[PDB]
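Asks: Have a look at this one.
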Amino acid sequence: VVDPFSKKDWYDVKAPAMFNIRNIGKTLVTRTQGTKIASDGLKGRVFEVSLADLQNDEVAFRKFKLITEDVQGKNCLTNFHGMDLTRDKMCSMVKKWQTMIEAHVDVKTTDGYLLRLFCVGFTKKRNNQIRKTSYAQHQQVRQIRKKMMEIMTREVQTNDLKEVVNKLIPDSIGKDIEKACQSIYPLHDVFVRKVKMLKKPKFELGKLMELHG
Amino acid sequence: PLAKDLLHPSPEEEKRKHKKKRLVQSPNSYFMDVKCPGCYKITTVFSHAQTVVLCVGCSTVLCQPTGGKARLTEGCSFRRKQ
Amino acid sequence: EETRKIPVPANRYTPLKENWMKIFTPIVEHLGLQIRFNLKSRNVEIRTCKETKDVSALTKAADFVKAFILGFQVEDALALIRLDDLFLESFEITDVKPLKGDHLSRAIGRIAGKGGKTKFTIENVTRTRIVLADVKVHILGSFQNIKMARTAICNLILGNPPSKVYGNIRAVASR
Amino acid sequence: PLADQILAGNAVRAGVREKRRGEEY
Amino acid sequence: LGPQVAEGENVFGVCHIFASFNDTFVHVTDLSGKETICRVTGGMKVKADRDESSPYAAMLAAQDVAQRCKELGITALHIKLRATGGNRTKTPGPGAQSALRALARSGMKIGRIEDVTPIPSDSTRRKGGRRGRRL
RNA sequence: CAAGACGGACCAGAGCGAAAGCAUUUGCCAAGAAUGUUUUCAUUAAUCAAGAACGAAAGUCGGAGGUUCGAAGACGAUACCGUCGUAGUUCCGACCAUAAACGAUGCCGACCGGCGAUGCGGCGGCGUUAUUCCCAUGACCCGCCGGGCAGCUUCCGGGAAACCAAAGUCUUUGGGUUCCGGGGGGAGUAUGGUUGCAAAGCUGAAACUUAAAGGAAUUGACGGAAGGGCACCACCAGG
């Protein structure tokens, strides 16, 4: 009988300090009428943001989940939650005459963000190869899966999520696995295809200021 | 075609054939004399040896068994015997 | 400036080379967009310019080359360009019945028919177009024509003989 | 072509038919 | 009414276009997806069960949501297509394409296309039997 | 957030297993084919009834769990469809031992074509990569050998033909050995025996009756069907 959108008001949401473009947009939130506060409904909102919307010259087929849990007076404040790949990239990247090798680890970081990695790689046809199919044997698959587990486990664990996120920005882990794993069977498209967030510690406000400015 | 002297095959076809399918069968294996680089002694080793053969004086690893021929250690010298 | 990118598979690369001319000439001449083939990522790139009107054609242009990705001929993709209501409907053969092994290949053969003729007949009946991929089936046409061709295909893979489907699809065409 | 087929199915044929019906000094 | 954003910059939303085989849903939300702006189904545009999944109902739905979001002030939307997913077909139908082209026909700026349908890794038994197809 | 299910894409002219069957990671356990072999025994072999092992799906008894699907069943429309849903589907423990369980094609052996692909093992050889790799080793490239898997083709010969590298080496008829058939019905019927709690399973007629029963490819015809063309001895608009 009466429109709810006149009651609604806008908040502005910014990106963390790892990212060149900080304007990630606006949010439509109800005002507080004494029953429920806008902050409590605004302290848990996940944003599926493309990388090209965060940096001008980066690629677009990597997406980041950023969780907003703080408000600062028409200023939404977010933090990292996860990372994934677009479905079209994942579908076009699985072509036929090759073997896909996929691995996962559960790992603890330096500041309590227990998290999981999923990475995928594909066998690569040589430049002079005349054979149609480039298949790796089972032992090569096990050795490759092992090696990507230790590489991704060591270059996530010893750093912080500032350095983890700035490693995921150009995906240095994937190209490092591609470089160090080419001696068993040469690989084709190595990316960390998914990062989960299994556990979080208690909320702190100073580290959000470090993550933002 | 349809005309070849089966009694007198030229040596490349006899070498090419499987060892049991030769006109008179002969093994592809041989015995070889190996010298360890850390010494001067000579050891007689089968080419397709299945057991690891150690030096009588140096006790070093001479050959490693593989699926076919044995893998001699980098450094050892060998000479085919007879 | 609006931008579209469409991936190309490896088996669609050579037909994209041999039909490139009749792909960019309908786009830049009487539709007016910017075309390129992003060779590193193997994508088709569509951009606007200062010579763009009737912005919806932009989206149409995307679907244009998308049809050529799916296996359709060039002229049918031009039919996406010229007409305003022309759609794509896609489904797998197993999405309607579980068929495994040789039964799936036999279902493919019933859709195609000997010499292709059965499949050919349905286009002349339904003014659609049909792409038979490995397991996928793509149908291009208006909504009622898509429905009619889809029903004909589903009956062809139920197990119904292709002669019965031929006769009944010639009959139902007259409405 | 699918566009040509739809346009021709939606239009009417016309033209060809020759009907034969019907001083200086 | 609307966001306090200058004329040069637009305001982004996202559009859940759920094209089932029986109808088509047009759900517009913000970047979070928690808060709702509009949602117009093929049943609310036609008073007939014939055209519930029609391209025409989706076209009317997209025009309605485009004019209502322009009334509110959202000038640009991201596009997220979805099919029925699961055991059933994974490809969006003609209703989704009709809604997409119709809301792009309104002159409203379009974002990036993401097709996230619930594709199962592996799933349970499908709705039909060992025998039955659609027809 | 939880509950069970299932291991898509990759996934194939593929691989493994006696067959039925087998696809998430990692660890453990005992098997195994092929290859390599100047190891060992020295004829230890082939085929075989009863019996034994495993034997898809469905199904029968105890439990656990019930997410989806779903015989029965209850509704609505019209035997085909939709809503809900029992047994079942899943796991463990005992049964039942049948499939178009197919190559509609006993097993062991000898001789007998072509092409270029593939899987594993072995052998030989220049080169390119491991951010020019500082030797090997992997990944490719070239060639050969041995068993496999599987295409395409063949004046090998065979066949009724479809076809077949065996379904060839067969009236120019004999490598070893097992089961099994003798025109169509009556009929897997009656009876006897045996197994199975049971359902059923193995074995199994005759009187009588009939001139057929059937196999392989090819179109000849064929009420009709879909397109056009002509006509005021057809139609439209009319007189």
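Residue numbers start at 1 in each chain; chains themselves are named A, B, ... in the order of the structure tokens; ligands are numbered from 1 in the order shown.
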Excluding residue 3 in chain D and its own-chain neighbours fewer than 6 positions away, which residues fall within 12 Å of it when counting only C-alpha atoms (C1' of nucleotides)? Please give them as an NGL selection string.
Replies: (:C and (74-86 or 127-129 or 140-142)) or (:D and (9-10))
Asks: Assign secondary structure with DSSP using the backbone only, and return the residues of chain E in strand (DSSP E or B) as a PyMOL selection string.
Replies: chain E and resi 12-19+24-29+36-39+76-82+109-115
Asks: Find the residues in chain D near chain F: any atom within 12 Å counts, using only C-alpha atoms (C1' of nucleotides). Write them as a PDB file with N, CA and C atoms, in the first residue's frame.
Replies:
```pdb
ATOM      1  N   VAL D  16       4.621 -15.042 -62.964  1.00  0.00           N
ATOM      2  CA  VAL D  16       4.553 -15.856 -64.176  1.00  0.00           C
ATOM      3  C   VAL D  16       3.231 -16.613 -64.343  1.00  0.00           C
ATOM      4  N   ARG D  17       2.433 -16.136 -65.300  1.00  0.00           N
ATOM      5  CA  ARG D  17       1.302 -16.837 -65.902  1.00  0.00           C
ATOM      6  C   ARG D  17       0.897 -16.087 -67.162  1.00  0.00           C
ATOM      7  N   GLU D  18       0.844 -16.777 -68.295  1.00  0.00           N
ATOM      8  CA  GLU D  18       0.553 -16.151 -69.584  1.00  0.00           C
ATOM      9  C   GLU D  18      -0.786 -16.682 -70.087  1.00  0.00           C
ATOM     10  N   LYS D  19      -1.815 -15.846 -69.986  1.00  0.00           N
ATOM     11  CA  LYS D  19      -3.166 -16.247 -70.356  1.00  0.00           C
ATOM     12  C   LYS D  19      -3.470 -15.816 -71.785  1.00  0.00           C
ATOM     13  N   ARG D  20      -3.875 -16.773 -72.621  1.00  0.00           N
ATOM     14  CA  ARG D  20      -4.249 -16.491 -74.008  1.00  0.00           C
ATOM     15  C   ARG D  20      -5.769 -16.542 -74.136  1.00  0.00           C
ATOM     16  N   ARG D  21      -6.386 -15.370 -74.002  1.00  0.00           N
ATOM     17  CA  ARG D  21      -7.831 -15.217 -74.073  1.00  0.00           C
ATOM     18  C   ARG D  21      -8.206 -14.139 -75.083  1.00  0.00           C
TER      19      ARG D  21
END
```
Asks: Just the residues within 7 Å of residue 63 in chain B, please, counting only C-alpha atoms (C1' of nucleotides), with nothing from its chain fewer than 6 positions along; format it as a list in words.
Replies: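 Using only C-alpha atoms (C1' of nucleotides), the neighbours found are residues 52, 53, 70, 71, 72 and 73 of chain B.
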Asks: Residues of chain C were defined as contacting chain A if any atom lay at most 9 Å from it, counting only C-alpha atoms; please report them as a list in words.
Replies: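 Per the criterion, chain C yields residues 7, 8, 9 and 10 of chain C.
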Asks: Next, dump the selected residues to file, keeping only N, CA, C and O atoms, as a compact mmCIF listing (two decimals), in the first residue's frame.
Replies:
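Listing of result_9.txt after writing:
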```
# COMPACT_ATOMS: atom_id res chain seq x y z
N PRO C 7 34.31 -17.37 -26.72
CA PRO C 7 35.39 -18.34 -26.92
C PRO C 7 35.17 -19.19 -28.16
O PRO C 7 34.03 -19.47 -28.54
N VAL C 8 36.26 -19.62 -28.78
CA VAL C 8 36.22 -20.52 -29.93
C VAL C 8 36.92 -21.82 -29.55
O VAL C 8 37.98 -21.77 -28.90
N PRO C 9 36.34 -22.98 -29.83
CA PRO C 9 37.07 -24.23 -29.63
C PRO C 9 38.12 -24.44 -30.71
O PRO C 9 38.25 -23.67 -31.66
N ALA C 10 38.87 -25.53 -30.54
CA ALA C 10 39.94 -25.84 -31.48
C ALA C 10 39.41 -26.38 -32.80
O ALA C 10 39.98 -26.09 -33.86
```
Asks: Would you give me, as a ChimeraX atom specification, the residues of chain A that come within 6 Å of chain F, using only C-alpha atoms (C1' of nucleotides)?
Replies: /A:126,129,183-185
Asks: Next, the residues of the selection above should be written as a PDB file, in the first residue's frame with N, CA and C atoms.
Replies:
```pdb
ATOM      1  N   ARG A 126      53.751 -30.937 -27.375  1.00  0.00           N
ATOM      2  CA  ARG A 126      54.998 -30.304 -27.769  1.00  0.00           C
ATOM      3  C   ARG A 126      54.852 -29.635 -29.133  1.00  0.00           C
ATOM      4  N   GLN A 129      55.343 -32.154 -31.856  1.00  0.00           N
ATOM      5  CA  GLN A 129      54.641 -33.405 -31.617  1.00  0.00           C
ATOM      6  C   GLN A 129      53.634 -33.683 -32.723  1.00  0.00           C
ATOM      7  N   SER A 183      59.350 -30.644 -15.816  1.00  0.00           N
ATOM      8  CA  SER A 183      60.366 -31.677 -15.964  1.00  0.00           C
ATOM      9  C   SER A 183      59.824 -33.093 -15.800  1.00  0.00           C
ATOM     10  N   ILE A 184      58.582 -33.255 -15.343  1.00  0.00           N
ATOM     11  CA  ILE A 184      57.968 -34.576 -15.236  1.00  0.00           C
ATOM     12  C   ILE A 184      57.119 -34.809 -16.475  1.00  0.00           C
ATOM     13  N   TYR A 185      56.149 -33.935 -16.685  1.00  0.00           N
ATOM     14  CA  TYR A 185      55.372 -33.850 -17.908  1.00  0.00           C
ATOM     15  C   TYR A 185      55.036 -32.380 -18.095  1.00  0.00           C
TER      16      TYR A 185
END
```
Asks: List every residue of chain B that DSSP, applied to the backbone of this structure, places in helix (DSSP H, G or I), and write the result as a list in words.
Replies: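 DSSP on the backbone gives helix (DSSP H, G or I) at residues 11, 12, 13, 14, 15 and 16 of chain B.
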Asks: Mind writing the picked residues with C-alpha atoms as a compact mmCIF listing (two decimals), in the first residue's frame?
Replies:
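After the write, out-v2.txt holds the following:
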```txt
# COMPACT_ATOMS: atom_id res chain seq x y z
CA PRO B 11 72.47 -59.69 -42.10
CA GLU B 12 70.20 -56.67 -41.56
CA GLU B 13 67.02 -58.77 -41.74
CA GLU B 14 68.47 -61.43 -39.44
CA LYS B 15 69.54 -58.74 -36.98
CA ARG B 16 66.12 -57.10 -37.35
```
Asks: Name the residues in contact with range 171-186 of chain F at a cut-off of 10 Å, using only C-alpha atoms (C1' of nucleotides), excluding same-chain residues fewer than 6 positions from it; report them as a VMD selection string.
Replies: chain F and resid 46 to 48 106 to 110 206 to 214
Asks: Identify all chain C residues at most 12 Å from chain F by counting only C-alpha atoms (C1' of nucleotides); ligands do not count. Present them as a PyMOL selection string.
Replies: chain C and resi 125+166-168+170-171
Asks: Do a neighbour search on range 43-50 of chain B at 12 Å with only C-alpha atoms (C1' of nucleotides), toss out local chain neighbours closer than 4 positions, and write the hits as a PyMOL selection string.
Replies: (chain B and resi 27-36+39+54-58+62-72+76-82) or (chain F and resi 36-39+122-123)
Asks: Have a look at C1' of residue 100 in chain F and CA of residue 113 in chain C and let me know their distance in Å, one decimal.
Replies: 24.6 Å
